[PDB]
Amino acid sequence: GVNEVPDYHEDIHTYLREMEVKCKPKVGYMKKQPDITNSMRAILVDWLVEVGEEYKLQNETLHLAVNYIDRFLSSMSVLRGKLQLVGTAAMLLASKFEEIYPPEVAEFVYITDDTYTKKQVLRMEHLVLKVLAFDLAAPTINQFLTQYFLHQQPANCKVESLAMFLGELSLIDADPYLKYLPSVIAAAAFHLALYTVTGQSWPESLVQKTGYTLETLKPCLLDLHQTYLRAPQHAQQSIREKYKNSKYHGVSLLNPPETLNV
């Protein structure tokens, strides 16, 4: 009913599709970063996963923060010793946007272990706002996933949680995931989860809404299935830890398929 906004879900879907293109980070940004690497960014995002878990933040807050960070690092060149400061301010901003009860600035100062002062966090907050021109209502993977979930017949909480898990893994690795739009990663995540859990595939009804097909989603799906397979080996493990929790139905303990039969 009204909680799924029957009279507006299409308008919103269409609007998120337009916006995700406007809010897109530059795919090639990292090579043009003299002093930071995908590896450093993976470390950062993994830390933000932990921070999110520590203060019991929404997963939306996490996705928003990563969006702000990637857009920020698309125009602004950052020394390795300041990357965490950008990340911290991103999390603050996202928290203030998305959270009912955002953590205090002092808590954000505390999680950095006195690397940075309160003044530096607040000044960077200002800088980030300047750089994004206050454009903070960004489409995220989650905003697409939650819509796709409405097409499950019937709903499976293991499918939903597994999809969330996969989408979150995607945030860690700028290569390859900077090149896919949130709506595409969400589409891959959803299909992979559904296949993993129930054996079923990306439904016809979602083709009618997204225009996306297994064909169109195949590049991303191949990347995502690799990420799923190698996830126990990744240097970064915070997402896997988080998704062992009962809250997310222990989905990080499910076994990936060996094949997609695509």
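Throughout, we count residues from 1 along the sequence that is shown.
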- Taking the deposited Cα B-factors and averaging over 183-191 and over 153-161, the higher mean is found in 153-161
- Would you determine, from the values in the PDB entry, which of 218-226 and 60-68 has the greater average C-alpha temperature factor? 218-226
- Query: Against its chain's modelled residues, does residue 108's Cα B factor rank lowest, middle or highest third?
  - Reply: middle
- Query: Where does residue 242 sit by CA temperature factor within its chain: lowest, middle or highest third?
  - Reply: middle
- Item | Ranked against its chain, the third holding the CA B-factor of residue 9 | middle
- Grab the CA temperature factor for residue 82 from the record and place it in the lowest, middle or highest third of its chain. lowest
- So where's residue 74 on the chain's Cα temperature factor ranking, which third? middle
